[PDB]
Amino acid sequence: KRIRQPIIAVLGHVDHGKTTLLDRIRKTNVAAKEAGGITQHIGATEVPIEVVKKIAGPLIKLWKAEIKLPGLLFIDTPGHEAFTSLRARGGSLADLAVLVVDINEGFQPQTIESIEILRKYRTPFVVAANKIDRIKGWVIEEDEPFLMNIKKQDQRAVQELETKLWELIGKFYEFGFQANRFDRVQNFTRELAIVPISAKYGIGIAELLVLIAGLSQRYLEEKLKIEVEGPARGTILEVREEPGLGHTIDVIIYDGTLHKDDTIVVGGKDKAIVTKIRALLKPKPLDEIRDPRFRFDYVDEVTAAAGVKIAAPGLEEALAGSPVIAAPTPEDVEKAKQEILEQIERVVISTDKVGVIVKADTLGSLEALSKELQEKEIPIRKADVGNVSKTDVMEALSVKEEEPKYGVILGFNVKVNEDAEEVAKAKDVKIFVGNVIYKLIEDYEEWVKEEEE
């Protein structure tokens, strides 16, 4: 019986510092390389317990109990308001969450939305009150524990931190939580612990990691979920074709044990795919599976929770955002297909049928672009995953007959088929493509405004 590696989801409002926090722990620069300077996908990173203990050093004694976890699997999530469905997926996967909140800006709309998600999935969480280094006159020392760094601050900075912390505590009370600075908490099951940190300079990461490990272990012990059992269950993050590996999928395995010869069922763009794994490859520890610096290593199995790449025949048509379910018998295959269909079908995007055509590369991207258009009262004709089809172009033309404004296709991280592009040129139907949600929408609006003039 192997010990579970817990999923730690990182949630919070746009720019409050989620990816910077993980980059400081990994010594990576994922945030610097994100297109459009925002997270737009779920990420997964293995942080071995040896790393936790090195960062924490003597502050591991902050937590009475011995930490027996093998490590932590951190799931990064988008803050941008459109990506509600990816924040929900991250919250639903988590054993414990880190709610990142800018101590200077305080609660904002996706802080509140994240809390509602954590309440919905009854996910325990710790709070990272980030960007303390912007308090006036703050004395920065890199990678210093908060309880050491706070001693370097003058009284004005200390008083400003406490004032801002009280604002956060009042906001948590508004939403039904008792919260305090982590070193003042008396009951870690009934109270929310707030760690003041600087993600960018590494202040307070030591105490934050000790609490994450301690509290996630406690959750798993309280639930009797610390031992991993059963066949593998996961969610697909990305579908890729890679030299020497073939068509692969990068996934999060959130329960059970995945083996390199397992039969699996995965969501597909047309229909469910039943295949047998031929290789598993695991990212290096501290490498973000969605933006890796290193090639992955072949492994025979992974135990939950883990990020892993799967090589198997027939994965070219796999659908990102859909389940991967190990299915060792025919009965299991039948069950897995229905569970996959339920997940796919449930993406419900209301369409006005005199509106825009929306295509995207993953289910999470399709939902985000759809949600953002609805918020902007841009009617949606149709929304589906995959490259722009000739049909998509013909449907857009029909809309164009009724209302040229909406006789358009928006393609989020997708390509245009050749016969679709031929027809679109001949019939003068516009197709917008992009890989940054806010820029794709701005491009569609700029085209609308400028055409009217």
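Heads up: residue numbers just count along the shown sequence, starting at 1.
**Q** Per the record, averaged over C-alpha atoms, which has the higher B-factor: 121-129 or 272-280?
**A** Between 272-280 and 121-129, it is 272-280.
**Q** On mean C-alpha B-factor from the PDB entry, just flag whether 137-145 or 94-102 is the higher one.
**A** Taking the mean B-factor of the alpha carbons in each, 137-145 is higher.
**Q** Per the PDB entry, which option out of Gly411, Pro70, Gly37, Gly43 has the greatest Cα B factor?
**A** Max CA B-factor in the entry, restricted to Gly411, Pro70, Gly37, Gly43: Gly411.
**Q** Based on what the PDB entry reports, which of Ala157, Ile340, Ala320, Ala312 has the top C-alpha B-factor?
**A** Within the set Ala157, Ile340, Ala320, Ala312, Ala157 shows the top C-alpha B-factor.
**Q** Splitting the chain's C-alpha B-factors into thirds, which one does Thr77 fall into?
**A** Lowest third, going by the recorded CA B-factors of the chain.
**Q** Would you mind checking where the Cα B-factor of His259 ranks among the modelled residues of its chain, as the lowest, middle or highest third?
**A** Within its chain, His259 is a middle-third residue by C-alpha B-factor, going by the deposited values.
**Q** Among the chain's modelled residues, which third holds the C-alpha B-factor of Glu345?
**A** Within its chain, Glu345 is a highest-third residue by C-alpha B-factor, going by the deposited values.
**Q** Within this chain, which third does the Cα B-factor at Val448 fall in: lowest, middle or highest?
**A** Within its chain, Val448 is a highest-third residue by C-alpha B-factor, going by the deposited values.
**Q** Tell me, lowest, middle or highest third: where does the Cα B factor of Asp352 rank within its chain?
**A** It falls in the top third of the chain.
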